[PDB]
Amino acid sequence: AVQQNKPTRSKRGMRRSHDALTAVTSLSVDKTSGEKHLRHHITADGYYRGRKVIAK
Amino acid sequence: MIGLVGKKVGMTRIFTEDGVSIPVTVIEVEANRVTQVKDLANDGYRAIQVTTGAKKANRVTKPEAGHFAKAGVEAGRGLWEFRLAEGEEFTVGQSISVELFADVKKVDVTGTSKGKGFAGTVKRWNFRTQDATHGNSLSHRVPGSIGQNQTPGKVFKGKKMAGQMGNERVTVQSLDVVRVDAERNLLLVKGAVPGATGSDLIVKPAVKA
Amino acid sequence: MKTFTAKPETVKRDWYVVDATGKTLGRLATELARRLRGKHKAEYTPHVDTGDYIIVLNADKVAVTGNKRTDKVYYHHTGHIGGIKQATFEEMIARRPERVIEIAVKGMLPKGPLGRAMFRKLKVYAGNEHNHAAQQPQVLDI
RNA sequence: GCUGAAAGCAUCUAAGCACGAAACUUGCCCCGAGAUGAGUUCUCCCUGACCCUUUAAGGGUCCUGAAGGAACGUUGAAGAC
RNA sequence: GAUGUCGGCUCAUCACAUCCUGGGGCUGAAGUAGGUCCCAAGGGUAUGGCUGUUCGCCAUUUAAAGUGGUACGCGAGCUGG
RNA sequence: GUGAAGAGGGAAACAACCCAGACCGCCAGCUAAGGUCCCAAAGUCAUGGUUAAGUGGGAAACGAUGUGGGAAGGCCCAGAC
RNA sequence: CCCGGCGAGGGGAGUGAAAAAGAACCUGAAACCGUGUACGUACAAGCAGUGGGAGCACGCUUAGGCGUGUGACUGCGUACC
């Protein structure tokens, strides 16, 4: 139920070796708007694949 | 002898004139094309590598295309190897049809069993369920004891516990060959075979005999 | 001054070929272990592998005295509950003859990372032919 | 059990030879090259130009970015992730 | 300055002084069926009535309902008679 | 007598057994118990025998033409077994 | 003055001998948690050291074979009260 010995800082780091986050490989660029966005996601200005989806 | 690669179409029944219903699994065995022949001199053993079906040309990788191109055959959905019993001769590009099973009368069917995911001991190992009442506390389907006291202060290897069940290679032996339809590339075998509909199956003549 | 110590980057290792036909298993193994460790070299250093590469031919024809050919038993445990498996000397020779010499030498070598490295210099072959002619092994009448 | 001396005989044993069980090794099914002893076979891809120096399995710039992989998306009789 | 117990339940694992199945010698072994000893641990090896019981008696099965070790296996797995 | 209050070497590991009593330093030598084929420092040492059982490296009453050595005895080319 | 939400918190500027005295304010230790650099580390088993010891990095200083850091491999070695 509980530990018999205090795990080391080395053991703590070893467990956290798989906790590293992964950054997005790259961001797509809208063909017309030209702004960066997540692939398959609309841009911040409401564009997607150069179609100007609803932006209100 | 060598076997063939087919697809599990499904299950149906065959009504005999004597009033007997035979449960049959329909296996679609298209022509198997020999992509490579391995011999003792070069590979150290005798076998034939075959392919079946069709694959999108756009999705065939260049390393795979070159392998098919050398044999001069169209790409299939995969590659499988069959050992040769010291009396079989095959040539690259040869097509093997379901007629090979014409006079076999009994086959061994291998496939990937349906995946049950993370299964408990009751389902996976047929463990007996404990009492549903009479004071039982949160221990209705739990495994129970998993070892002995200090003397073997450890759990033995191979202990039956919960874990992945199914989705593994399984062979069912000695299945009667109900029908061999060369025209429709169909093979009917009495009984059920591993895997879901549309999965690949490896059919070989029965080894037990 | 300080006592000489061999450097692993400058130690010279030679290649030898030994015919095991008719040789007593144990008395052949001791010499192999001695030469694999480098005890026969004046530059011997306990923490350095100063031994020589040795090729053993005709391992299947090694000899054993007494009734050991049918009475010597090789035990090993697979790690499972049953686990315990055994094979006689004749069975080992028939199945994998090279393991007979390899097992004998391994026990006589030191235990640890270095001893494991020394064992890597031993090449045991069941037949009378080896494919190490490029190394120009020298016949060793051991 | 056979043949057969030590022991003129006898003797399944000492030399030699033949049978003999759900045990043993195989045969059947599954995993399996992290088997660091890391194996084999087939196929596919890459055929630039310079600089520095403690000059070597060295470092750096420009050009180049293949096979393939991953990522993302639609998803599955695959799946806790 | 704490190594929680009888029995039940769940899950077992080993030994062989073998209960069944397998191979044998002897028999006061005609056969069928037994007795005794040797080899053999691969697999298999009851459900119920009474009682907290283990055990035991009883009812009815089975090829057989083996004997022991494992903190009289197993309560950070259940139960609490 | 030793441990207790005693290290070192040996007995695989092993306070009490065997050898032996650590003031400090040395990359010098000789020995004790115990050892000298490899792990692992030193004899694959020399000479003459024994064992075939891995005895050596676990054990009794008792059983047996195993095998070595020694001192006698009975019957024997009037022919022994 | 600038970033920020007319924030929090910072970077400049300025005051001061000092702002690494900025009000969470003299000095600012240890546990504990980080960034950078050198070396070691993914076939190796245990009080983590000790004796031996290669390689690498760095410093030398009138090649001087030295110091410092690291520690592959190896003998011995089961904390303290």
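First the proteins, then the strands, lettered A, B, ... as listed; each starts at 1. Side-chain atoms are counted along with the backbone in the values below, which use heavy atoms only and exclude waters and symmetry mates.
- Here D:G48 sits opposite D:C62 as a Watson-Crick or G-U wobble pair (both hydrogen-bonding atom distances under 3.5 Å).
- G:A48: glycosidic angle within 90° of 0, hence syn.
- For C:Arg116, the listed nucleotide lying nearest its side chain is G:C43; candidates were E:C11, G:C43, D:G37.
- Between E:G42 and E:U21 there is a Watson-Crick or G-U wobble pairing whose two distances both come in under 3.5 Å.
- As the counterpart of D:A78, no nucleotide is assigned, since no Watson-Crick or G-U wobble pattern has both distances under 3.5 Å.
- G:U62 and G:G28: their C1' atoms are spaced 47 Å apart (whole Å).
- Side chain of B:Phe127, nearest nucleotide from E:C11, E:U13, D:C42: E:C11.
- Here E:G48 sits opposite E:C58 as a true base pair, Watson-Crick or G-U wobble, both distances under 3.5 Å.
- Few gaps surround NZ on C:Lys23; more than 12 heavy atoms of other groups in view lie less than 6.0 Å from it.
- When each of C:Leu114 and C:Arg120 is assigned the nucleotide of RNA chain G with its nearest heavy atom, C:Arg120 is the one assigned upstream, toward the 5' end.
- When the nucleotides D:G37, F:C39, D:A77 are ranked by their closest atom to the side chain of C:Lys111, F:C39 comes out on top.
- Of all non-hydrogen atoms in C:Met118 and C:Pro110, the two that sit nearest each other are SD-CG, 3.9 Å.
- For the pair B:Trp125 CH2 and E:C11 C1', the computed distance is 14 Å after rounding to whole Å.
- Without both centres closer than 5.5 angstrom and planes tilted by less than 30 degrees, the six-membered rings of G:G16 and G:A17 do not count as a stacked pair.
- With both hydrogen-bonding distances under 3.5 Å, G:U50 and G:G75 qualify as a Watson-Crick or G-U wobble pair.
- Annotation for C:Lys111: atom NZ counts as buried by contact number, over 12 foreign heavy atoms lying within 6.0 Å.
- More than 12 heavy atoms of other residues, nucleotides or ligands sit less than 6.0 Å from atom CG of C:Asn131.
- Between the CZ atom of C:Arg37 and the P atom of F:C37 there is a distance of 16 Å, rounded to whole Å.
- Across the strands present, F:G29 finds no partner; the criterion is a Watson-Crick or G-U wobble pair with both atom distances under 3.5 angstrom.
- D:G8 adopts a syn glycosidic conformation, its chi angle falling within 90° of 0.
- D:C17 and D:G1 are base-paired: they meet the Watson-Crick or G-U wobble geometry, with both hydrogen-bonding distances under 3.5 Å.
- Where B:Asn167 and B:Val60 meet RNA chain D, the nucleotide closest to each residue was compared, and B:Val60 sits on the side nearer the 5' end.
- D:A6 is unpaired under the Watson-Crick or G-U wobble criterion, no partner having all donor-acceptor distances under 3.5 Å.
- No side-chain N or O of C:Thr88 forms a donor-acceptor pair with one of C:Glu90 less than 3.5 Å apart.
- If you check G:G14 against G:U78, you find neither a Watson-Crick nor a G-U wobble pair with both contacts below 3.5 Å.
- In this structure, D:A35 shows a glycosidic angle more than 90 degrees from zero, which is the anti conformation.
- Base-pair partner of G:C56: G:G69 (Watson-Crick or G-U wobble, both distances under 3.5 Å).
- Residues C:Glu43 and C:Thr50 bring no donor and acceptor atom of their side chains to less than 3.5 Å of each other.
- A canonical Watson-Crick pair (purine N1 to pyrimidine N3 plus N6-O4 or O6-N4) or a G-U wobble (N1-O2 and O6-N3), each contact under 3.5 Å, is present between E:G56 and E:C50.
- Listed pair B:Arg169 / D:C29 fails the phosphate criterion, with no side-chain N or O lying under 4.0 Å from OP1 or OP2.
- Under 4.0 angstrom from either OP1 or OP2 of F:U44 there lies no side-chain N or O belonging to C:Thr30.
- Mapping B:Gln36 and C:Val124 onto RNA chain D via the closest heavy atom, the residue that lands nearer the 5' end is C:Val124.
- If you check D:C72, E:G77, E:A71 against the side chain of B:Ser145, the one that comes closest is E:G77.
- If you check E:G49 against E:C57, you find a Watson-Crick or G-U wobble pair, both contacts below 3.5 Å.
- D:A35 is unpaired under the criterion used here, namely a Watson-Crick or G-U wobble arrangement in which both key atom distances are under 3.5 Å.
- Neighbouring residues F:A28 and F:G29 meet the stacking criterion, with the centres of their six-membered base rings under 5.5 Å apart and the ring planes within 30° of each other.
- Picking from E:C14, D:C28, G:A45 the nucleotide with the shortest atom distance to the side chain of C:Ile81 gives E:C14.
- Distances shown here put every side-chain N or O of B:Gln49 at or beyond 4.0 Å from the OP1 or OP2 atom of D:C42.
- Each of A:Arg12 and C:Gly112 was matched to the nucleotide of RNA chain G holding its nearest heavy atom; the match closer to the 5' end belongs to A:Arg12.
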Q. Please walk me through it: do B:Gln49 and B:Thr35 pass side chain to side chain donor-acceptor pair (under 3.5 Å)?
A. CA-CA 6 Å; B:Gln49 187 200 82; B:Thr35 61; 2.5 Å; yes
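- Nucleotide E:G75 carries a syn base; the chi torsion (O4'-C1'-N9-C4 or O4'-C1'-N1-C2) is within 90° of 0.
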